[PDB]
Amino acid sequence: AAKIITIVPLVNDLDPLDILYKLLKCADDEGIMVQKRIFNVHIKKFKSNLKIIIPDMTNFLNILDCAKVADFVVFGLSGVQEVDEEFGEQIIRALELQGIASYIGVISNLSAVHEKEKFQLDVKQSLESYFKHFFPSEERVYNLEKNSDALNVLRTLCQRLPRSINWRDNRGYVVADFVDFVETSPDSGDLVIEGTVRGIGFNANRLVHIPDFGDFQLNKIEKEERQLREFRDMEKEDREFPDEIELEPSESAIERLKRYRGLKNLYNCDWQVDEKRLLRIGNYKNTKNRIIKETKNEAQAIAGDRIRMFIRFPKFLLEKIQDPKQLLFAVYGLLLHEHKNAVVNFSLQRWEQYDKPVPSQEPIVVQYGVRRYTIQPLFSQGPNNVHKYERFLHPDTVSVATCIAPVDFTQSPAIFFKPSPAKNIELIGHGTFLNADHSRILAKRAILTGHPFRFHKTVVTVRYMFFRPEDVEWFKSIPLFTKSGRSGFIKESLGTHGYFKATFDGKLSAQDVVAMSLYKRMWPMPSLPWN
C-alpha cells in the first residue's frame, strides 16, 4: 500500500516538478528519474511505494482536494520570494482547517539567494519560524539541494507513520489509478475504478461520493462594491439598534408585524416543533457512534486491499471525467443515511482578516468533509432550547449556522466561502459540523420603542411607537417594558395618531424609553450541491 504524498509549492516561483526531481534524485535509481501529474514510484532504498500528487496549482479547490487524500503534505517554501498573504498563506490556513495529516516543509531554492552563506542560513531559519508559526511539530525546514537533507525527507515519507484525519478515515476512500466505463443499460453503466482502499473501507450495499459529481450506488467490488455598501449599512443599523423596528406614520403595524407573536423573555418560549420529509435523529452523539461501529464491521474491502469498484454511473457525466493520472479522481464512502437531508447545525467563526459583512439567509458555500453545498444559513448564538436569530454574523465570537443539508456522521471540519474573481474564491468562515437537531428553535426579535411624555401619577401616555389607533388596538395585549426595567400594559388608544395610555410598575420619566417586544419563528432553509 502506497503512501500518498502531495507537493504544495506555497509560492508561484517554485516549480512543483523541481521539488519532485530533487526528492527522487537522492535515491540511486536512474530507473526512477526519467519518469503527467500523479506518479506511482517504488523506492528500492526504503522498500516503499509512494503515490505523488501535484495538484493543478492554479485552482485553489484542486489544491485542497489533493491535500485531503494525502498522508504527507510536502510544503515548498521560497528563498527569494515572500509567501503571498492572499494565496499561499491561505493554502496553509485552509489546509489545517479542513483537516491535514502529516506535513513537512522544504526549500528547493536556497542557492537562488545570492548572498553570503551566513545570510542564506538565516533566511532558512526565518522560513523555519514562519513555518513553526503554523506547524509547531515541525522544527526543521529541509534544504532539498543538500543531499543529506533530501534523504531525510525521503526516508520520512517512506517510513514514518502518517497522522490521521478523523472525517476521512472513519469513512472509506480511494485514489483512482485506472478509470474505465462499461455499458449495462441504455441510460447508464458501470464506472470501474481501480485503487487501494484506505480508511474504514467499503461495502457494496452502500453509497459512494465523487467530487464534484454527486453520490452513486455501488454494484459490486472485486479484489460588487454596491452590494457591499448596502449590507454594510444594514449591518451598522442592526449593530446600533438591535433588533429595533421603526414604524412609519404611513404603514400598517398589523401588516408589518404579521408573523410576530408576543414574547418578552426568550426563556419563557413554549413553541413546539410544529409545521412551516427530513431525517430526524434521537440523540446525534449516540447514533453517530452506532453508525461508525456498524460500518466498520460490515466492511468488505479493508485498508490496503487492491480494489476493482463498479459504480452505478450515468453516461452524460462521462464527458466531465478527466485523466486520473493528471487530475485527482477520488471516491469517498458515505455512512448510513448521509444521503438523507436533515436540519443541520454548523459552528462558525470569521476567517482571519475578513472584514465584509456576512448576513443570514444569503447564499454561502460549505465544504464539510469532502462535500460542498450552497447553503442559506441562519445565524444564532450558543440554554432553554430556543435561540435568538441574528441577522448578521456577529463580530468576534463563534456562532451556530443552522440549515437543511445532508447529515454528516463524522463531525467534519467546515470551511465557508463564496466564489470571487482573489484565488477565484473568497474564504469567509470556518467551524465544524455539530449536529442534526431539529429542536433548535430560531426566534427573531423585534423591538418597538415609544416616548412617554405625559404623567398623571399612575397613567403614562406614550407616542411614536404606533401611528394609528387600530394598530394600538391590535397589539393592546402585549406587555410593555422600559429599558430601565419597569413593566407595563396598554390601557387605551388616545386620539387618532397612535398615542396610547399605559399603566406601569414604578414612576417613569420623560427620559425613560418604553418598548414592546415581539418574536418571529425562523425556519431553516434548503440547500443544494455545488461544483
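Sequential numbering from 1, following the sequence displayed.
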- Item | Interresidue gap class [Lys276, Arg277; deposited sequence, unmodelled] | 4 to 9
- Message: I want to verify a possible break: how many residues of the deposited sequence sit between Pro395 and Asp396 without any coordinates (none, 1 to 3, 4 to 9, 10 or more)?
- Response: none
- Query: Where do the C-alpha atoms have the higher mean temperature factor in this entry, in 96-104 or in 286-294?
  - Reply: 286-294
- Taking the deposited Cα B-factors and averaging over 471-479 and over 22-30, the higher mean is found in 22-30
- Note on the structure: Among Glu255, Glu246, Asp305, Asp84, highest Cα B-factor in the entry goes to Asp84
- Message: Among the choices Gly195, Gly76, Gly369, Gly189, identify the one whose CA B-factor in the record is greatest.
- Response: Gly189
- Query: Compared with the other modelled residues in the chain, in which third is the CA B-factor of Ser527?
  - Reply: middle
- B-factor third for the C-alpha atom of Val386 within its chain: highest
- Message: Which third, lowest, middle or highest, does the C-alpha temperature factor of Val331 belong to within its own chain?
- Response: lowest
- Message: Is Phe135 in the lowest, middle or highest third of its chain when residues are ranked by C-alpha B-factor?
- Response: middle
- Among modelled residues of the same chain, the CA temperature factor third for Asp169: lowest
